[PDB]
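Just the one chain here, the form deposited in one PDB entry, laid out as structure tokens.
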């Protein structure tokens, strides 16, 4: 009688972001106190994020936009990411303010920026850019993360998490899980009484490799995971819906990187969002061996998810 929905997808595909949207759109939302709890995470995203950047500038031998930024680079690398609080992805406000001047200087440095543009050569989430471009609002002493800030904050997921909610008297239970290889062993514990699977794919990961083994192309991994799921007879009764998430990032990306450089099959305008989206859909549809529903989403955009979930709900209820 309950509509149970499982969120699956490789690491960083946007599962937890979708989860948060369900709470904002159909649940209690996030009051100020709840949003304040994300502050430590947000400050941590930024410090660790900038640290990866200066480490990348160096190792990729990218020149400094200005040598004086070397001293700021030194301050950041000296930050111990293995200390207690940092280990669990958190940073106090007072400590964050000590690194602010240096972080702001580094973000303005063209070498640092160049390194960011070459992030596919290492591992870095694109939301660190969002927070670096908003250092001003993060720096005020009375800063309270906005709803948008909350959706962008990066908190790696380990283990299983449930979130119950209702939509017009229908009870929903959504299950969220981690997506890295090591966390997928926990996927089998939830497949019980599952009505539907939402499979998230970061549509803009075609030029990136896995964090697990910096060699396997991300889209390849997503495709293979999907192929094992959709072809498993145990799931013939379950409604699988595909979410080509991060549409906004894909849109930007196709303007500077070509999918042809990573997937030969592509024959069309690599600068055309519509052609890349069609190609991606084809890739996933082609994996089924024997009605595959799909949506292009932007999990960080509440309005988009609101209209997308309405379609999902109708599909599931009618199947």
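Here, rigid core means the biggest group of C-alpha atoms that superpose within 1.5 Å across both forms. Numbering follows the first chain given and starts at 1.
Peer 1: What about residue 183, is it left unmodelled in a third or more of the other PDB entries we looked at?
Peer 2: In at least a third of the other entries, residue 183 has no coordinates.
Peer 1: Looking at the deposited sequence, how many residues between residue 290 and residue 291 were given no coordinates in the entry: none, 1 to 3, 4 to 9, or 10 or more?
Peer 2: Per the record, 4 to 9 deposited residues are absent between residue 290 and residue 291.
Peer 1: Output the stretch having the higher mean C-alpha B factor in the entry; the candidates are 34-42 and 66-74.
Peer 2: Mean B over CA atoms: larger for 66-74.
Peer 1: Taking the mean of the C-alpha B-factors per stretch from the entry, tell me the winner out of 187-195 and 145-153.
Peer 2: Comparing averages over the C-alpha atoms only gives 187-195.
Peer 1: Taking the values straight from the PDB record, which of 96, 131, 206, 235 has the highest C-alpha temperature factor?
Peer 2: Result of the comparison over 96, 131, 206, 235: 235.
Peer 1: Which has the highest CA B-factor per the PDB entry: 223, 210, 167, 103?
Peer 2: In this record, 167 carries the highest C-alpha B-factor of the candidates.
Peer 1: Please say which third, lowest, middle or highest, residue 248 falls into when its CA temperature factor is compared across its chain.
Peer 2: For residue 248, the deposited C-alpha B-factor lands in the lowest third.
Peer 1: Consider only the C-alpha atoms of the modelled residues in this chain, order them by B-factor as the entry records it, and name the third containing residue 280: lowest, middle or highest.
Peer 2: According to the entry, residue 280 has a C-alpha B-factor in the chain's middle third.
Peer 1: Taking the entry's C-alpha B-factors for this chain, is residue 254 in the lowest, middle or highest third?
Peer 2: Tercile = highest for this residue's CA B-factor.
Peer 1: Would you please rank residue 53 by its C-alpha temperature factor against the other modelled residues of its chain and give the third it falls in: lowest, middle or highest?
Peer 2: CA B-factor rank for residue 53: lowest third.
Peer 1: Grab the CA temperature factor for residue 113 from the record and place it in the lowest, middle or highest third of its chain.
Peer 2: As the PDB entry reports it, the C-alpha B-factor of residue 113 lands in the middle third of its chain.
What comes next is about the form deposited in another entry, which does not appear here.
Peer 1: Tell me, with the core superposed, which single residue in 262, 279, 284, 64 has its C-alpha moved by at least 2 Å between this form and the one not shown.
Peer 2: Between the two forms, the residue that moves is 64.
Peer 1: Does residue 110 show a Cα shift reaching 2 Å between this form and the one not shown after rigid-core superposition?
Peer 2: After core superposition, the C-alpha of residue 110 moves 2 Å or more between this form and the one not shown.
Peer 1: Superposing on the rigid core, does the Cα of residue 173 end up 2 Å or more away between this form and the one not shown?
Peer 2: No, because once the rigid core is superposed, the C-alpha of residue 173 moves less than 2 Å between this form and the one not shown.
Peer 1: Taking the rigid core as the reference frame, is the Cα of residue 84 displaced by 2 Å or more between this form and the one not shown?
Peer 2: Result for residue 84: no, shift under 2 Å.
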